[PDB]
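Enquirer: Just coords-v1.cif, nothing more (mmCIF, N, CA, C and O atoms):
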data_start
loop_
_atom_site.label_atom_id
_atom_site.label_comp_id
_atom_site.auth_asym_id
_atom_site.auth_seq_id
_atom_site.Cartn_x
_atom_site.Cartn_y
_atom_site.Cartn_z
N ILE A 12 -152.36 16.48 -29.94
CA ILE A 12 -151.97 17.77 -30.51
C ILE A 12 -152.39 18.93 -29.59
O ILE A 12 -153.51 18.94 -29.08
N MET A 13 -151.49 19.89 -29.35
CA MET A 13 -151.68 20.85 -28.27
C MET A 13 -151.10 22.22 -28.64
O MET A 13 -150.25 22.36 -29.52
N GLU A 14 -151.57 23.23 -27.93
CA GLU A 14 -151.00 24.57 -27.97
C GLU A 14 -150.53 24.91 -26.56
O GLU A 14 -151.26 24.68 -25.58
N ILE A 15 -149.31 25.41 -26.44
CA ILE A 15 -148.76 25.76 -25.13
C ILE A 15 -148.18 27.18 -25.21
O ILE A 15 -147.24 27.44 -25.98
N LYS A 16 -148.78 28.10 -24.47
CA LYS A 16 -148.33 29.48 -24.39
C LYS A 16 -147.52 29.64 -23.10
O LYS A 16 -148.01 29.33 -22.01
N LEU A 17 -146.28 30.11 -23.23
CA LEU A 17 -145.31 30.00 -22.15
C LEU A 17 -144.56 31.31 -21.93
O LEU A 17 -144.52 32.19 -22.80
N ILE A 18 -143.96 31.43 -20.75
CA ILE A 18 -143.15 32.58 -20.38
C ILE A 18 -141.79 32.05 -19.90
O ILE A 18 -141.70 31.44 -18.83
N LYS A 19 -140.75 32.28 -20.70
CA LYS A 19 -139.41 31.82 -20.34
C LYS A 19 -138.90 32.60 -19.14
O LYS A 19 -139.26 33.76 -18.91
N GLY A 20 -138.06 31.95 -18.34
CA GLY A 20 -137.67 32.51 -17.07
C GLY A 20 -136.20 32.37 -16.75
O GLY A 20 -135.37 32.10 -17.63
N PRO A 21 -135.86 32.57 -15.47
CA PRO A 21 -134.47 32.35 -15.02
C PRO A 21 -133.80 31.13 -15.64
O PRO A 21 -132.72 31.25 -16.23
N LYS A 22 -134.44 29.97 -15.57
CA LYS A 22 -133.86 28.73 -16.10
C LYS A 22 -134.27 28.43 -17.55
O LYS A 22 -134.24 27.26 -17.96
N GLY A 23 -134.64 29.45 -18.35
CA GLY A 23 -135.07 29.21 -19.72
C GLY A 23 -136.53 28.78 -19.79
O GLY A 23 -137.37 29.19 -18.98
N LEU A 24 -136.85 27.93 -20.78
CA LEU A 24 -138.20 27.37 -20.84
C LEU A 24 -138.38 26.19 -19.88
O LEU A 24 -139.51 25.89 -19.49
N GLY A 25 -137.28 25.50 -19.55
CA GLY A 25 -137.30 24.47 -18.53
C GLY A 25 -137.58 23.06 -19.03
O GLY A 25 -138.41 22.36 -18.44
N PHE A 26 -136.90 22.64 -20.09
CA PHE A 26 -137.06 21.30 -20.67
C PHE A 26 -135.97 21.16 -21.70
O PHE A 26 -135.32 22.14 -22.07
N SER A 27 -135.79 19.92 -22.18
CA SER A 27 -134.69 19.58 -23.07
C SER A 27 -135.18 18.71 -24.22
O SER A 27 -135.92 17.76 -24.00
N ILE A 28 -134.71 19.02 -25.44
CA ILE A 28 -135.16 18.33 -26.65
C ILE A 28 -134.12 17.34 -27.14
O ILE A 28 -132.96 17.30 -26.70
N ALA A 29 -134.55 16.48 -28.06
CA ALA A 29 -133.67 15.59 -28.79
C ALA A 29 -134.17 15.52 -30.23
O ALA A 29 -135.27 15.97 -30.56
N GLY A 30 -133.33 14.99 -31.11
CA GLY A 30 -133.80 14.59 -32.42
C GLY A 30 -133.51 15.60 -33.52
O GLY A 30 -132.70 16.53 -33.39
N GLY A 31 -134.19 15.36 -34.63
CA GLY A 31 -134.06 16.14 -35.84
C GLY A 31 -133.31 15.39 -36.92
O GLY A 31 -132.54 14.46 -36.66
N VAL A 32 -133.55 15.81 -38.17
CA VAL A 32 -132.90 15.28 -39.36
C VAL A 32 -131.44 15.03 -39.06
O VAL A 32 -130.75 15.91 -38.53
N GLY A 33 -130.96 13.82 -39.36
CA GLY A 33 -129.56 13.47 -39.19
C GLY A 33 -129.13 13.16 -37.78
O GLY A 33 -127.94 12.89 -37.58
N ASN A 34 -130.04 13.18 -36.80
CA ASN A 34 -129.73 12.89 -35.40
C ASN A 34 -130.89 12.14 -34.74
O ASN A 34 -131.37 12.51 -33.66
N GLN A 35 -131.35 11.06 -35.37
CA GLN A 35 -132.67 10.50 -35.08
C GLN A 35 -132.85 9.95 -33.68
O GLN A 35 -132.31 8.90 -33.34
N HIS A 36 -133.69 10.63 -32.89
CA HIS A 36 -134.00 10.18 -31.53
C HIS A 36 -134.72 8.84 -31.50
O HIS A 36 -134.62 8.09 -30.51
N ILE A 37 -135.49 8.53 -32.55
CA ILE A 37 -136.05 7.20 -32.78
C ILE A 37 -135.64 6.82 -34.20
O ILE A 37 -135.56 7.71 -35.06
N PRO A 38 -135.35 5.56 -34.49
CA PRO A 38 -134.85 5.22 -35.83
C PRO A 38 -135.90 5.46 -36.89
O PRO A 38 -137.07 5.10 -36.73
N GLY A 39 -135.47 6.10 -37.99
CA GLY A 39 -136.35 6.51 -39.05
C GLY A 39 -137.40 7.50 -38.63
O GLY A 39 -138.57 7.31 -38.94
N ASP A 40 -136.98 8.56 -37.93
CA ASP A 40 -137.90 9.57 -37.39
C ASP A 40 -137.10 10.79 -36.94
O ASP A 40 -136.36 10.71 -35.96
N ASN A 41 -137.25 11.92 -37.63
CA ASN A 41 -136.47 13.10 -37.29
C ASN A 41 -137.24 14.09 -36.45
O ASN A 41 -136.98 15.30 -36.53
N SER A 42 -138.22 13.64 -35.68
CA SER A 42 -138.97 14.61 -34.90
C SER A 42 -138.14 15.09 -33.70
O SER A 42 -137.20 14.43 -33.22
N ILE A 43 -138.51 16.29 -33.24
CA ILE A 43 -137.96 16.89 -32.03
C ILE A 43 -138.78 16.34 -30.88
O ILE A 43 -140.01 16.29 -30.96
N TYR A 44 -138.10 15.89 -29.82
CA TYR A 44 -138.76 15.22 -28.69
C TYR A 44 -138.33 15.84 -27.37
O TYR A 44 -137.13 16.03 -27.13
N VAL A 45 -139.29 16.12 -26.50
CA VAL A 45 -138.97 16.62 -25.17
C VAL A 45 -138.52 15.45 -24.29
O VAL A 45 -139.25 14.48 -24.09
N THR A 46 -137.31 15.55 -23.76
CA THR A 46 -136.71 14.44 -23.05
C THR A 46 -136.56 14.63 -21.55
O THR A 46 -136.22 13.66 -20.86
N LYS A 47 -136.81 15.82 -21.01
CA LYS A 47 -136.48 16.09 -19.61
C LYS A 47 -137.17 17.38 -19.21
O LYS A 47 -136.74 18.47 -19.60
N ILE A 48 -138.25 17.27 -18.42
CA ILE A 48 -138.96 18.43 -17.92
C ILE A 48 -138.28 18.88 -16.64
O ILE A 48 -138.18 18.11 -15.68
N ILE A 49 -137.81 20.13 -16.62
CA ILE A 49 -136.94 20.58 -15.53
C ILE A 49 -137.78 20.91 -14.31
O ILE A 49 -138.82 21.59 -14.41
N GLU A 50 -137.33 20.43 -13.15
CA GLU A 50 -138.05 20.59 -11.89
C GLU A 50 -138.23 22.07 -11.54
O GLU A 50 -137.28 22.85 -11.60
N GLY A 51 -139.45 22.44 -11.19
CA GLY A 51 -139.74 23.83 -10.87
C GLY A 51 -139.47 24.84 -11.98
O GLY A 51 -139.21 26.01 -11.69
N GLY A 52 -139.53 24.42 -13.24
CA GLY A 52 -139.32 25.33 -14.35
C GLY A 52 -140.62 25.83 -14.96
O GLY A 52 -141.73 25.51 -14.53
N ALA A 53 -140.47 26.66 -15.99
CA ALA A 53 -141.64 27.31 -16.58
C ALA A 53 -142.63 26.29 -17.12
O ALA A 53 -143.84 26.42 -16.89
N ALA A 54 -142.13 25.27 -17.81
CA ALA A 54 -143.00 24.21 -18.32
C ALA A 54 -143.55 23.36 -17.18
O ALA A 54 -144.74 23.03 -17.16
N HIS A 55 -142.68 22.99 -16.23
CA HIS A 55 -143.13 22.22 -15.07
C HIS A 55 -144.16 22.99 -14.26
O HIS A 55 -145.08 22.39 -13.69
N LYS A 56 -144.03 24.32 -14.20
CA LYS A 56 -145.07 25.13 -13.57
C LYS A 56 -146.33 25.13 -14.42
O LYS A 56 -147.44 24.93 -13.90
N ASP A 57 -146.18 25.35 -15.72
CA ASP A 57 -147.33 25.32 -16.63
C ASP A 57 -148.00 23.96 -16.60
O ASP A 57 -149.23 23.87 -16.46
N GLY A 58 -147.21 22.89 -16.73
CA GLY A 58 -147.68 21.54 -16.52
C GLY A 58 -148.10 20.80 -17.77
O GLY A 58 -148.25 19.58 -17.73
N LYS A 59 -148.29 21.51 -18.88
CA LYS A 59 -148.74 20.85 -20.10
C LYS A 59 -147.64 19.97 -20.69
O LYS A 59 -147.86 18.78 -20.95
N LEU A 60 -146.46 20.53 -20.89
CA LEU A 60 -145.43 19.83 -21.65
C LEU A 60 -144.99 18.55 -20.94
O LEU A 60 -144.44 18.60 -19.83
N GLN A 61 -145.24 17.41 -21.58
CA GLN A 61 -144.99 16.07 -21.06
C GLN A 61 -143.79 15.43 -21.74
O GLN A 61 -143.37 15.84 -22.83
N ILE A 62 -143.21 14.41 -21.11
CA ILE A 62 -142.05 13.79 -21.73
C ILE A 62 -142.52 12.91 -22.87
O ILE A 62 -143.53 12.20 -22.75
N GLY A 63 -141.80 12.97 -23.99
CA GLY A 63 -142.19 12.25 -25.19
C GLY A 63 -143.07 13.05 -26.12
O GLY A 63 -143.48 12.53 -27.17
N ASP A 64 -143.37 14.30 -25.77
CA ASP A 64 -144.11 15.16 -26.67
C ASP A 64 -143.26 15.52 -27.89
O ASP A 64 -142.02 15.55 -27.84
N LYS A 65 -143.94 15.78 -29.01
CA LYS A 65 -143.27 16.22 -30.23
C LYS A 65 -143.54 17.70 -30.46
O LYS A 65 -144.68 18.08 -30.69
N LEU A 66 -142.49 18.52 -30.41
CA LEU A 66 -142.58 19.92 -30.84
C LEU A 66 -142.86 19.96 -32.33
O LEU A 66 -141.97 19.68 -33.13
N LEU A 67 -144.07 20.33 -32.72
CA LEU A 67 -144.29 20.53 -34.14
C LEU A 67 -143.77 21.88 -34.62
O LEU A 67 -143.35 21.99 -35.78
N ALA A 68 -143.77 22.90 -33.76
CA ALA A 68 -143.48 24.27 -34.18
C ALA A 68 -143.28 25.16 -32.96
O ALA A 68 -143.76 24.86 -31.86
N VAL A 69 -142.59 26.27 -33.17
CA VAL A 69 -142.28 27.19 -32.09
C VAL A 69 -142.51 28.62 -32.57
O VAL A 69 -141.82 29.10 -33.48
N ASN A 70 -143.50 29.28 -31.98
CA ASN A 70 -144.06 30.50 -32.54
C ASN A 70 -144.36 30.33 -34.03
O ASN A 70 -145.28 29.60 -34.41
N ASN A 71 -143.58 31.00 -34.89
CA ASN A 71 -143.74 30.90 -36.34
C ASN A 71 -142.87 29.82 -36.96
O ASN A 71 -143.06 29.51 -38.14
N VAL A 72 -141.93 29.25 -36.21
CA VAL A 72 -140.87 28.40 -36.75
C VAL A 72 -141.31 26.94 -36.65
O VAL A 72 -141.44 26.41 -35.55
N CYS A 73 -141.48 26.29 -37.80
CA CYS A 73 -141.89 24.89 -37.82
C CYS A 73 -140.69 23.96 -37.67
O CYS A 73 -139.70 24.09 -38.41
N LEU A 74 -140.77 23.04 -36.71
CA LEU A 74 -139.71 22.09 -36.37
C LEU A 74 -139.96 20.70 -36.95
O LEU A 74 -139.59 19.67 -36.35
N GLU A 75 -140.60 20.65 -38.12
CA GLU A 75 -140.83 19.41 -38.86
C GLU A 75 -139.73 19.27 -39.91
O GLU A 75 -139.64 20.08 -40.84
N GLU A 76 -138.87 18.25 -39.73
CA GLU A 76 -137.77 17.95 -40.65
C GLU A 76 -136.72 19.06 -40.66
O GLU A 76 -136.40 19.64 -41.71
N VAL A 77 -136.17 19.33 -39.47
CA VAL A 77 -135.17 20.36 -39.24
C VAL A 77 -133.98 19.70 -38.57
O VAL A 77 -134.12 18.66 -37.93
N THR A 78 -132.82 20.34 -38.68
CA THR A 78 -131.65 19.82 -37.99
C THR A 78 -131.74 20.19 -36.52
O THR A 78 -132.43 21.14 -36.13
N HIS A 79 -131.04 19.42 -35.69
CA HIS A 79 -131.04 19.69 -34.25
C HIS A 79 -130.69 21.14 -33.96
O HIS A 79 -131.43 21.85 -33.28
N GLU A 80 -129.55 21.61 -34.49
CA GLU A 80 -129.14 22.99 -34.27
C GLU A 80 -130.19 23.97 -34.78
O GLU A 80 -130.41 25.03 -34.17
N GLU A 81 -130.83 23.64 -35.90
CA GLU A 81 -131.97 24.43 -36.36
C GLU A 81 -133.06 24.48 -35.30
O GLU A 81 -133.56 25.56 -34.97
N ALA A 82 -133.42 23.33 -34.73
CA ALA A 82 -134.45 23.32 -33.69
C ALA A 82 -134.02 24.15 -32.49
O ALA A 82 -134.76 25.02 -32.03
N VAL A 83 -132.81 23.91 -31.99
CA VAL A 83 -132.38 24.56 -30.77
C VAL A 83 -132.26 26.07 -30.97
O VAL A 83 -132.59 26.86 -30.08
N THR A 84 -131.78 26.50 -32.14
CA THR A 84 -131.84 27.91 -32.50
C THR A 84 -133.24 28.45 -32.30
O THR A 84 -133.45 29.42 -31.55
N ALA A 85 -134.23 27.80 -32.90
CA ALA A 85 -135.61 28.29 -32.89
C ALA A 85 -136.15 28.44 -31.47
O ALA A 85 -136.91 29.37 -31.18
N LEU A 86 -135.80 27.50 -30.58
CA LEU A 86 -136.20 27.55 -29.18
C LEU A 86 -135.35 28.49 -28.36
O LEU A 86 -135.72 28.80 -27.22
N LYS A 87 -134.21 28.93 -28.88
CA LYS A 87 -133.35 29.84 -28.14
C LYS A 87 -133.40 31.27 -28.67
O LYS A 87 -133.06 32.19 -27.94
N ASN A 88 -133.86 31.47 -29.91
CA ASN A 88 -134.08 32.82 -30.44
C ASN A 88 -135.56 33.18 -30.35
O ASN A 88 -136.29 33.26 -31.34
N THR A 89 -135.99 33.44 -29.11
CA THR A 89 -137.39 33.73 -28.83
C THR A 89 -137.50 34.54 -27.56
O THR A 89 -136.75 34.31 -26.60
N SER A 90 -138.43 35.49 -27.55
CA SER A 90 -138.62 36.41 -26.42
C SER A 90 -139.16 35.65 -25.22
O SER A 90 -139.21 34.42 -25.18
N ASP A 91 -139.62 36.39 -24.22
CA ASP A 91 -140.20 35.72 -23.06
C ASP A 91 -141.53 35.05 -23.38
O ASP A 91 -141.92 34.10 -22.70
N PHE A 92 -142.22 35.49 -24.42
CA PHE A 92 -143.46 34.84 -24.82
C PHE A 92 -143.16 33.83 -25.92
O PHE A 92 -142.68 34.22 -27.00
N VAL A 93 -143.44 32.54 -25.67
CA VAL A 93 -143.33 31.51 -26.71
C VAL A 93 -144.62 30.70 -26.80
O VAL A 93 -145.08 30.14 -25.80
N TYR A 94 -145.17 30.61 -28.00
CA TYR A 94 -146.21 29.63 -28.29
C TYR A 94 -145.57 28.34 -28.84
O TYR A 94 -144.53 28.38 -29.51
N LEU A 95 -146.20 27.19 -28.53
CA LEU A 95 -145.70 25.88 -28.92
C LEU A 95 -146.84 25.08 -29.53
O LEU A 95 -147.95 25.06 -28.98
N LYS A 96 -146.55 24.43 -30.65
CA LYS A 96 -147.41 23.42 -31.23
C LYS A 96 -146.80 22.09 -30.88
O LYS A 96 -145.64 21.84 -31.20
N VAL A 97 -147.53 21.24 -30.16
CA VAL A 97 -146.95 19.95 -29.85
C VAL A 97 -147.93 18.86 -30.28
O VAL A 97 -149.08 19.13 -30.62
N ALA A 98 -147.44 17.63 -30.29
CA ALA A 98 -148.25 16.47 -30.60
C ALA A 98 -148.07 15.50 -29.46
O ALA A 98 -146.94 15.09 -29.18
N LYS A 99 -149.16 15.17 -28.77
CA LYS A 99 -149.11 14.28 -27.62
C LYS A 99 -149.33 12.84 -28.05
O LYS A 99 -150.41 12.52 -28.55
N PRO A 100 -148.36 11.95 -27.85
CA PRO A 100 -148.50 10.59 -28.38
C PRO A 100 -149.70 9.87 -27.78
O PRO A 100 -150.21 10.22 -26.71
N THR A 101 -150.16 8.84 -28.49
CA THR A 101 -151.38 8.14 -28.12
C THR A 101 -151.22 6.64 -28.36
O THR A 101 -150.12 6.10 -28.25
N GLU B 208 -130.93 16.00 -24.26
CA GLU B 208 -129.76 16.15 -25.14
C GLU B 208 -129.35 17.62 -25.32
O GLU B 208 -128.16 17.93 -25.24
N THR B 209 -130.30 18.52 -25.57
CA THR B 209 -130.04 19.96 -25.56
C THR B 209 -131.09 20.66 -24.71
O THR B 209 -132.29 20.59 -24.99
N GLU B 210 -130.64 21.39 -23.70
CA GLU B 210 -131.56 22.10 -22.84
C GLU B 210 -131.88 23.48 -23.41
O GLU B 210 -131.02 24.16 -23.97
N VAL B 211 -133.14 23.86 -23.30
CA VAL B 211 -133.58 25.17 -23.73
C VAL B 211 -134.52 25.73 -22.69
O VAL B 211 -135.04 26.83 -22.87
#
Spit out the file's structure as structure tokens when you get a sec.
Expert:
Amino acid sequence: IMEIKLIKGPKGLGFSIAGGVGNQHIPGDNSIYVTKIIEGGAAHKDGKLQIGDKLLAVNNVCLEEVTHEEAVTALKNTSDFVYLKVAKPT
Amino acid sequence: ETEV
């Protein structure tokens, strides 16, 4: 479980998600999952966000049991400052 | 799947 404070840039936040209610990235599991950390991007520069991490929440917006479009909205309707709640698998 |  982690906190990631980030600054979105030219290429966005610099990573790609999957999952959510009705679009299960793993069977019987609607979590949002980071699937691709973009080379030389804000997250890749920050270095915390790893592949297979679970976005629990984005600033104030909780991504637990949300639709994919709901998740992507939340990650796309955000200023240059974004806080992230993630869960690092173990 | 979706880039942000």
Enquirer: Using only C-alpha atoms, which of A:56, A:79, A:16, A:99 sits nearest chain B?
Expert: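 Result for the nearest residue to chain B: A:79.
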Enquirer: Please identify every residue of chain A that has at least one atom no more than 5 Å from any atom of chain B, counting all atoms listed in the file, and report them as a VMD selection string.
Expert: chain A and resid 22 to 28 86
Enquirer: Assuming 5 Å of padding per side, give the centre and edge lengths of the axis-aligned box around every listed atom of segment 88-93 of chain A, in Å to one decimal and as AutoDock Vina command-line options.
Expert:
--center_x -139.5 --center_y 33.3 --center_z -27.0 --size_x 21.2 --size_y 16.3 --size_z 18.6
Enquirer: So the first atom is atom CA of residue 14 of chain A and the second is atom CA of residue 65 of chain A; what is the distance between them in Å, to one decimal place?
Expert: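 Separation of atom CA of residue 14 of chain A and atom CA of residue 65 of chain A: 11.6 Å.
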Enquirer: Have a look at atom CA of residue 54 of chain A and atom C of residue 68 of chain A and let me know their distance in Å, one decimal.
Expert: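 Computing the Euclidean distance for atom CA of residue 54 of chain A and atom C of residue 68 of chain A yields 14.7 Å.
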Enquirer: In Å, with one decimal, what is the gap from atom O of residue 61 of chain A to atom N of residue 49 of chain A?
Expert: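 So the answer is 9.4 Å.
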Enquirer: Please return as a count of residues only every residue within 4.5 Å of (-150.1, 19.2, -31.5), taking into account only N, CA, C and O atoms and the file's own coordinates.
Expert: 5
Enquirer: Do a neighbour search on residue 33 of chain A at 10 Å with only C-alpha atoms, toss out local chain neighbours closer than 4 positions, and write the hits as an MDAnalysis selection string.
Expert: chainID A and resid 39:41 76:79
Enquirer: Here is a test: counting all atoms listed in the file, which residue of A:53, A:93, A:32, A:37 is nearest to residue 80 of chain A?
Expert: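 Of all the options, A:32 lies closest to residue 80 of chain A.
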Enquirer: If you run DSSP on the backbone here, which positions in segment 17-88 of chain A get alpha helix (DSSP H)? Please write them as a compact mmCIF listing (two decimals) with N, CA, C and O atoms, keeping the file's coordinate frame.
Expert:
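Output contents, as saved in states.txt:
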# COMPACT_ATOMS: atom_id res chain seq x y z
N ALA A 53 -140.47 26.66 -15.99
CA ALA A 53 -141.64 27.31 -16.58
C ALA A 53 -142.63 26.29 -17.12
O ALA A 53 -143.84 26.42 -16.89
N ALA A 54 -142.13 25.27 -17.81
CA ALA A 54 -143.00 24.21 -18.32
C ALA A 54 -143.55 23.36 -17.18
O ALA A 54 -144.74 23.03 -17.16
N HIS A 55 -142.68 22.99 -16.23
CA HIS A 55 -143.13 22.22 -15.07
C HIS A 55 -144.16 22.99 -14.26
O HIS A 55 -145.08 22.39 -13.69
N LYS A 56 -144.03 24.32 -14.20
CA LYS A 56 -145.07 25.13 -13.57
C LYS A 56 -146.33 25.13 -14.42
O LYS A 56 -147.44 24.93 -13.90
N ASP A 57 -146.18 25.35 -15.72
CA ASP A 57 -147.33 25.32 -16.63
C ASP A 57 -148.00 23.96 -16.60
O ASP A 57 -149.23 23.87 -16.46
N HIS A 79 -131.04 19.42 -35.69
CA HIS A 79 -131.04 19.69 -34.25
C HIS A 79 -130.69 21.14 -33.96
O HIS A 79 -131.43 21.85 -33.28
N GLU A 80 -129.55 21.61 -34.49
CA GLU A 80 -129.14 22.99 -34.27
C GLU A 80 -130.19 23.97 -34.78
O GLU A 80 -130.41 25.03 -34.17
N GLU A 81 -130.83 23.64 -35.90
CA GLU A 81 -131.97 24.43 -36.36
C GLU A 81 -133.06 24.48 -35.30
O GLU A 81 -133.56 25.56 -34.97
N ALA A 82 -133.42 23.33 -34.73
CA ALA A 82 -134.45 23.32 -33.69
C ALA A 82 -134.02 24.15 -32.49
O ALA A 82 -134.76 25.02 -32.03
N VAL A 83 -132.81 23.91 -31.99
CA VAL A 83 -132.38 24.56 -30.77
C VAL A 83 -132.26 26.07 -30.97
O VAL A 83 -132.59 26.86 -30.08
N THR A 84 -131.78 26.50 -32.14
CA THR A 84 -131.84 27.91 -32.50
C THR A 84 -133.24 28.45 -32.30
O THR A 84 -133.45 29.42 -31.55
N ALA A 85 -134.23 27.80 -32.90
CA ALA A 85 -135.61 28.29 -32.89
C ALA A 85 -136.15 28.44 -31.47
O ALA A 85 -136.91 29.37 -31.18
N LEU A 86 -135.80 27.50 -30.58
CA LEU A 86 -136.20 27.55 -29.18
C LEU A 86 -135.35 28.49 -28.36
O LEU A 86 -135.72 28.80 -27.22
N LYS A 87 -134.21 28.93 -28.88
CA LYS A 87 -133.35 29.84 -28.14
C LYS A 87 -133.40 31.27 -28.67
O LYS A 87 -133.06 32.19 -27.94
Enquirer: With distances taken over all atoms listed in the file, which residue among A:100, A:55, A:92, A:84 lies nearest residue 18 of chain A?
Expert: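 Of all the options, A:92 lies closest to residue 18 of chain A.
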Enquirer: As a check of understanding, name the residues that the PyMOL selection byres (((chain A and resi 44 and name CA) around 7) and name CA) selects in the supplied structure, as an MDAnalysis selection string.
Expert: chainID A and resid 28:30 42:43 45:46 63:66
Enquirer: Please save N, CA, C and O atoms of the selected residues as a short mmCIF file (atom, residue, chain, number, x, y, z; two decimals), keeping the file's coordinate frame.
Expert:
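In the end it all went to result-v4.cif:
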data_model
loop_
_atom_site.label_atom_id
_atom_site.label_comp_id
_atom_site.auth_asym_id
_atom_site.auth_seq_id
_atom_site.Cartn_x
_atom_site.Cartn_y
_atom_site.Cartn_z
N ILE A 28 -134.71 19.02 -25.44
CA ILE A 28 -135.16 18.33 -26.65
C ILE A 28 -134.12 17.34 -27.14
O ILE A 28 -132.96 17.30 -26.70
N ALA A 29 -134.55 16.48 -28.06
CA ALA A 29 -133.67 15.59 -28.79
C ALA A 29 -134.17 15.52 -30.23
O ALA A 29 -135.27 15.97 -30.56
N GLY A 30 -133.33 14.99 -31.11
CA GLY A 30 -133.80 14.59 -32.42
C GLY A 30 -133.51 15.60 -33.52
O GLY A 30 -132.70 16.53 -33.39
N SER A 42 -138.22 13.64 -35.68
CA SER A 42 -138.97 14.61 -34.90
C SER A 42 -138.14 15.09 -33.70
O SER A 42 -137.20 14.43 -33.22
N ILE A 43 -138.51 16.29 -33.24
CA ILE A 43 -137.96 16.89 -32.03
C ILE A 43 -138.78 16.34 -30.88
O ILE A 43 -140.01 16.29 -30.96
N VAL A 45 -139.29 16.12 -26.50
CA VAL A 45 -138.97 16.62 -25.17
C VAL A 45 -138.52 15.45 -24.29
O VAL A 45 -139.25 14.48 -24.09
N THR A 46 -137.31 15.55 -23.76
CA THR A 46 -136.71 14.44 -23.05
C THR A 46 -136.56 14.63 -21.55
O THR A 46 -136.22 13.66 -20.86
N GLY A 63 -141.80 12.97 -23.99
CA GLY A 63 -142.19 12.25 -25.19
C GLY A 63 -143.07 13.05 -26.12
O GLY A 63 -143.48 12.53 -27.17
N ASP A 64 -143.37 14.30 -25.77
CA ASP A 64 -144.11 15.16 -26.67
C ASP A 64 -143.26 15.52 -27.89
O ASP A 64 -142.02 15.55 -27.84
N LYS A 65 -143.94 15.78 -29.01
CA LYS A 65 -143.27 16.22 -30.23
C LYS A 65 -143.54 17.70 -30.46
O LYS A 65 -144.68 18.08 -30.69
N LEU A 66 -142.49 18.52 -30.41
CA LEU A 66 -142.58 19.92 -30.84
C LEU A 66 -142.86 19.96 -32.33
O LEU A 66 -141.97 19.68 -33.13
#
